[PDB]
Amino acid sequence: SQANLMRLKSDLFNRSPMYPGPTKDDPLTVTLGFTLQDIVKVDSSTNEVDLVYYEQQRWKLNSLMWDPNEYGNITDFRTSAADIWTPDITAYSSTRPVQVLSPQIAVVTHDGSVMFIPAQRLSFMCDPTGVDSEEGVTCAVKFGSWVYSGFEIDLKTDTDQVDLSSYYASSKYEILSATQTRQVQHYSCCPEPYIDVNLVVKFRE
Amino acid sequence: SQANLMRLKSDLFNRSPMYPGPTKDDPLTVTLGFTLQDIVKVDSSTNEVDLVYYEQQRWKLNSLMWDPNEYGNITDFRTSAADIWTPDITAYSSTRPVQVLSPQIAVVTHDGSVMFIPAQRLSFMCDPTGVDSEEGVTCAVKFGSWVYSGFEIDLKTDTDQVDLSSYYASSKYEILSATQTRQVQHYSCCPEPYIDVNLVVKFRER
Amino acid sequence: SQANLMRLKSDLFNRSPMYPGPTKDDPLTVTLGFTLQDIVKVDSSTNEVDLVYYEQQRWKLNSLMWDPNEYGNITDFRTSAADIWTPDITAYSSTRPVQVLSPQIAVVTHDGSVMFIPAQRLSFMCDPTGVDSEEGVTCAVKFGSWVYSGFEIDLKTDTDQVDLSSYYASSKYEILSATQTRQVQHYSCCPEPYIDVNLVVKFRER
Amino acid sequence: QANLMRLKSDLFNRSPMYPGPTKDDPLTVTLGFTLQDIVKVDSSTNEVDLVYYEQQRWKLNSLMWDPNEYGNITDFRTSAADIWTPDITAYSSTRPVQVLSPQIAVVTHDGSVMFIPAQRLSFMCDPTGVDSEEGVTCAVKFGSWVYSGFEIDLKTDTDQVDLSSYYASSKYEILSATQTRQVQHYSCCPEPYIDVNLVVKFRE
Amino acid sequence: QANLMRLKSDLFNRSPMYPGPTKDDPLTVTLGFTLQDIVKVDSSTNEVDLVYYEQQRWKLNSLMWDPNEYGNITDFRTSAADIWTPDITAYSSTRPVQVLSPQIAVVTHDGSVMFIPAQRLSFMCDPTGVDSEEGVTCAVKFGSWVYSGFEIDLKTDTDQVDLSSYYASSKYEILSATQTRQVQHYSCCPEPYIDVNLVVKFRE
Amino acid sequence: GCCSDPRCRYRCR
Amino acid sequence: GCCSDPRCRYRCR
Amino acid sequence: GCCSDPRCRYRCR
Ligand SMILES: [Mg+2]
Ligand SMILES: [Mg+2]
Ligand SMILES: [Mg+2]
Ligand SMILES: [Mg+2]
Ligand SMILES: [Mg+2]
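Thresholds applied
Each chain carries its own residue count, beginning from 1 and running in the order its sequence is written; this scheme need not agree with the entry numbering, and residues with no coordinates do not appear. Note on labels: chains are lettered from A, ligands numbered from 1, in written order. Every figure given here refers to the displayed chains, which form just one part of a larger assembly. Hydrogen atoms and water are omitted, and side-chain values are computed over all heavy atoms in the structure. Residues with missing side-chain atoms are left out of burial classes, side-chain pairs and their counts. The helix and strand labels rest on DSSP assignments: H or I over at least four residues marks a helix, E over at least two residues marks a strand, and numbering proceeds from the N terminus. Residue contacts follow a heavy-atom distance rule, with two residues in contact if any of their heavy atoms lie within 4.5 Å. UniProt positions are given in the numbering used here, feature names are shortened, and annotations may be inferred rather than shown by experiment. The pairing criterion is simple: DSSP has to find at least two bridges between the two strands. Axes, fitted as lines to C-alpha atoms, cover a helix only where it is in contact. Angles between the N-to-C directions of the axes lie from 0 to 180 degrees. Put simply, buried area is how much 1.4 Å-probe accessible surface two parts lose in total, over both of them, once they are put together. Here, a salt bridge means any side-chain nitrogen of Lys or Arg that lies within 4 Å of a carboxyl oxygen of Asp or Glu. Distance and chemistry together define a polar contact, namely a pair of N or O atoms within 3.5 Å, with one atom able to donate a hydrogen and the other to accept it when in protein, and with adjacent residues in sequence counting only for side-chain atoms on both sides. When residue character is reported, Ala, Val, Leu, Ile, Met, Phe, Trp, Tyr, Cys and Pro are called nonpolar, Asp, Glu, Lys and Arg charged, and the others, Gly included, polar.

- What the entry reports as its method is X-ray crystallography, with 2.5030 Å given for the resolution.

Laid out in structure tokens, this is it:
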């Protein structure tokens with residue numbers, strides 16, 4: 001039982017060469033979703049705002065598949081996120097290094113899919129002038145791979161609606177809308193598209 | 001004595017495969033308890049509150065059992081928490097990474113019991129409005145596994161009374177009640193329960 | 001070209017001694033470019049200013065070349081910055097350790113060229129008195145290697161214009177001009193040139 | 001020198017490391033404090049920040065050697081990671097302690113270890129009244145986090161905190177600083193529980 | 001590359017690491033300071049923040065080489081993790097020192113190491129009066145934390161702190177800045193202790 | 001519901 | 001208060 | 001001067 005799981009992990013990680021990341025011939029799609037917990041503070045002097053959210057990241061690797069019959073009917077397992085490759089999804093307009101609030105553990109399913117949900121606190125560029133009004137303020141931040149074009153890492157969302165069902169009900173700030181939208185940027189000097197997910201939050205006091 | 005503890009540890013840690021965590025087949029019960037030390041800071045601009053507590057965690061692994069007559073009558077030992085699997089218990093509504101105030105060391109007993117008690121400072125979401133009144137403020141934070149359902153990790157408490165016997169007597173905040181309650185959630189989808197321990201503190205300015 | 005990329009990285013990294021940095025005999029040119037995202041903070045009581053920017057670094061090593069035909073027609077690959085040598089480019093007038101905002105990953109191309117683009121937040125010495133005028137203030141910080149002279153690491157920029165096309169349009173500060181310029185100092189004793197890139201930003205309140 | 005390389009090889013590579021004390025081979029740790037500065041009081045959170053040197057001394061048979069077999073070396077400096085160190089902890093801190101000195105210890109041929117971390121500690125203390133002639137008294141206990149007195153005994157050489165280095169231009173002047181061994185028992189167990197109580201009285 | 005790779009492998013992979021200085025193989029460290037900026041004064045806590053380059057120099061036999069055997073290489077750059085470095089510490093800091101520069105050193109074929117960490121230091125200093133013509137004077141000592149003057153001697157090349165790159169638009173002007181070797185003893189023990197005392201007089 | 005919980009979520013997509 | 005003490009509690013429950 | 005520069009300073013001595 002535990003013996004099987006030890007076997008499986010040994011087969012997948014120890015006996016197996018490091019997965020080197022996606023390539024143009026073996027591209028990878030990462031599914032992103034956000035669970036918004038709190039707008040923690042706004043800073044009017046620097047135009048920084050702090051969010052707390054869970055970022056669901058899901059992807060699938062052929063080198064992580066197994067046949068459950070060969071491993072005591074095991075269909076998934078939890079493992080430290082260091083034991084596996086993870087995509088380098090980055091906020092493009094942060095002003096401080098992200099703070100990780102949760103254990104770095106992922107769930108791996110027998111078809112090769114990985115589910116990984118880091119909880120984070122993010123400071124990013126946002127002008128809160130007018131939050132104390134009824135129309136409020138709109139802010140936005142793009143998430144995407146820092147180094148991989150869309151020919152190696154594509155992105156998508158399952159829904160355009162951010163999950164607000166865990167939003168702290170006594171937050172200083174209430175959310176009027178929250179969307180998460182896939183965009184194609186050509187944005188630098190390269191002739192290759194980079195993919196991002198644009199998180200757009202309208203909020204007020 | 002030392003020679004025996006070295007054999008013991010070497011036989012448990014270097015000559016074994018690492019425990020891969022609990023599974024649906026081999027689930028694990030984790031006992032939680034809180035010793036609340038101080039409410040240090042309440043921030044009314046951000047609705048954050050900072051607590052200092054001892055988190056008592058207890059679990060038992062078959063892979064950690066030993067016959068104490070084979071190892072010089074040793075009944076228990078202290079070891080670095082890096083040498084063993086530890087449950088991924090987390091506050092579900094922190095707003096900063098938890099700060100660890102104590103050595104990361106555990107006590108292992110010959111029946112497989114592990115006792116691990118980290119001291120922590122936690123900022124979490126809490127509206128302190130009205131803490132300066134006589135009624136006080138109530139705040140709550142849930143603790144649970146981040147990735148394991150109740151099919152793999154069951155949480156329990158030995159008591160619903162938070163231990164206040166070491167609450168700092170000159171805190172800015174007086175504690176009115178402090179409870180720790182096992183909660184089970186089911187979702188309309190899945191047979192598996194979801195367990196958390198709900199820490200509920202009512203306090204007010206002293 | 002996934003078994004091929006494992007092969008390629010194995011040949012380039014595991015099968016070779018580490019590259020020991022440039023020498024007076026085998027010099028290296030590093031190309032620097034800045035993309036300025038935000039002047040997030042000026043502090044008039046300490047004369048520090050905080051920038052957020054992308055620092056594009058590009059150089060080329062013969063030990064990183066490969067024939068794409070021998071490797072599934074792979075022409076480039078992404079790899080952890082720790083797997084390769086990187087230049088020690090430093091701000092000479094920082095007042096806090098630089099904060100890294102992006103993952104430490106580089107792109108290596110089959111001609112041996114490396115591109116590495118760290119996003120940083122930097123606090124540096126700058127007197128912001130006058131920022132709230134129509135003239136604004138001017139600040140400057142030199143970048144260069146900490147231990148290598150120009151005999152070992154030469155610096156250049158592809159353009160003297162800072163990339164402003166990602167500048168936060170709702171910053172508290174508006175950029176009036178931003179240049180990045182190569183500078184050569186000499187000293188009397190010493191034949192080496194000492195090279196830096198001078199970043200000069202003129203700005204005022206929006 | 002070539003002798004020192006040999007000695008560190010024999011002590012550190014040719015053996016498994018010390019697994020910590022046991023009820024059957026217990027260990028005495030000697031604690032002493034040198035207070036340098038009360039840096040900060042925070043009357044709205046009741047935290048006070050101390051800067052001090054914490055001298056720790058203990059002795060292992062595992063670290064003995066005969067000097068005449070190692071070029072007459074009587075002691076050496078080694079990184080504190082090469083050796084076991086006691087888990088001495090302030091029981092009422094409110095922030096992780098910031099280390100201010102290199103993590104390096106001194107080992108002597110009788111197996112004595114001297115380890116002296118300089119630390120900035122934030123701990124629970126009510127500073128109201130610090131601006132009077134009488135000042136304020138604050139106290140923080142130090143001890144093992146996981147060991148009882150059956151495995152680690154705590155000792156002081158003196159009850160006097162060393163104030164000979166107190167920062168003379170501190171915002172706070174020290175009125176008295178003591179360090180006292182304390183033993184509590186409990187109904188359940190025969191085992192003592194030892195701590196060292198640092199009591200500091202200070203004003204502006 | 002070929003020659004340098006050979007040399008580095010000969011010096012670093014072939015040998016046991018240098019174990020630090022000993023009484024029979026003692027070591028002199030030369031220190032000097034390049035003061036860049038007095039960044040912040042704090043009169044609620046009597047802490048001042050400096051930014052400086054600290055130049056350290058010393059010489060190890062185990063790092064010598066014949067340049068003729070190595071393609072006429074006379075020096076190379078290398079990560080400070082590859083070599084031993086002295087534990088020079090400020091004795092009255094109030095926060096862990098912040099490192100501002102890459103941890104890289106320069107080694108010369110006669111065994112000389114040059115290591116120049118840039119640092120931001122918070123240390124104990126009363127800034128009362130900094131807004132006067134006369135200014136305030138502050139001082140901090142630097143030395144080995146764990147080695148006595150029987151193992152590590154300190155020296156400076158000049159008594160004057162280098163001010164030639166002090167930030168010209170700082171809130172604070174420097175009136176004097178010196179760095180001086182001191183020897184002290186403690187009542188208990190025979191070892192001399194060596195520090196370099198950095199004394200800075202400054203005003204708004 | 002389910003797909004907000006960091007522990008139901010591997011069962012959702 | 002042995003069950004409060006982080007050095008005693010392994011012996012309680 | 002050259003002894004103010006972390007890149008040149010190895011030469012001053
Ligand atoms: Mg491409
Ligand atoms: Mg399940
Ligand atoms: Mg040169
Ligand atoms: Mg006991
Ligand atoms: Mg000595």
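Moving on from the model shown.
**Considerations on the overall build of chain A**
Logical step 1: Within chain A, the secondary structure is distributed over one helix and twelve strands.
Logical step 2: In chain A, the succession of helices and strands from N to C terminus is α-β-β-β-β-β-β-β-β-β-β-β-β.
Logical step 3: Expressed as a percentage of contacts within chain A between residues at least 6 apart in sequence, the contacts between residues at least 24 apart total 73%.

**Considering the UniProt feature "domain: Neurotransmitter-gated ion-channel ligand-binding" (unreviewed entry) in chain B**
Logical step 1: The UniProt record marks residues 17-204 of chain B with the feature "domain: Neurotransmitter-gated ion-channel ligand-binding" (unreviewed entry), using the residue numbering of this structure.
Logical step 2: Summarising residues 17-204 of chain B: 0% helix, 53% strand, and an end-to-end C-alpha distance of 50 Å.

**Comments concerning unusual backbone geometry**
Logical step 1: Not every positive phi belongs to a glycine, and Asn73(A) is a case in point at roughly 65°.
Logical step 2: The topology assignment puts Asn73(A) in the loop between β2 (48-65) and β3 (76-80).
Logical step 3: Even without being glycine, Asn72(D) reaches a positive phi, approximately 65°.
Logical step 4: Residue position: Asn72(D) is located in the loop between β2 (47-64) and β3 (75-79).

**Comments concerning the sheet that holds strand β12 (residues 193-203) of chain E**
All names here are of chain E.
Logical step 1: Across the sheet, four strands lie side by side as β4-β9-β12-β11; this open sheet has antiparallel pairing. Two strands bound the open sheet, and with one partner strand each, they are β4 (88-90) and β11 (173-184). Within this sheet the neighbouring strands show an average axis-to-axis angle of 25°, counted without direction.
Logical step 2: Sheet topology note: the strand β9 (residues 136-144)/β12 ladder contains seven bridges and is antiparallel. Within β12, the position partnered with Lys 141 by the bridge is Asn 197.

**Some remarks on the interface of chain C and chain A**
Logical step 1: Listed as interface residues are 29 residues of chain C and, on the opposing side, 30 residues of chain A.
Logical step 2: Summed over both partners, the interface of chain C with chain A buries about 2,600 Å², with 55% contributed by carbon and sulfur atoms.
Logical step 3: Here chain C and chain A share three salt bridges between them.
Logical step 4: Between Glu152(A) and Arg78(C) there is a salt bridge, with the nearest N and O atoms lying 3.4 Å from each other.
Logical step 5: Counting the contacts that link chain C with chain A gives 15 residue pairs in polar contact.
Logical step 6: Of all the secondary-structure elements, those providing two or more residues to the side of chain C that touches chain A are α1 (3-14), β1 (28-43), β2 (48-65), β3 (76-80), β5 (99-100), β6 (105-109) and β8 (119-125) of chain C.
Logical step 7: With four residues, β1(C) is the largest single contributor of residues to the side of chain C that touches chain A.
Logical step 8: Looking at the side of chain C that touches chain A residue by residue, the classes come out as 13 nonpolar, eight polar and eight charged.

**As for the pairing of β1(C)**
Residue and element names in this part refer to chain C.
Logical step 1: Looking at chain direction, β1 and strand β10 (residues 153-156) are connected through four bridges and run parallel. Looking at β10, one finds that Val 30 is bridged to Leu 155.
Logical step 2: With eleven bridges joining them, β1 and β2 adopt antiparallel strand pairing. Among the inter-strand pairings, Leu 32 is bridged to a residue of β2, identified as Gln 57.
Logical step 3: Hairpin remark: β1 followed by β2, antiparallel, with four residues in the connecting loop; positive phi at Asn 47, about 55°.

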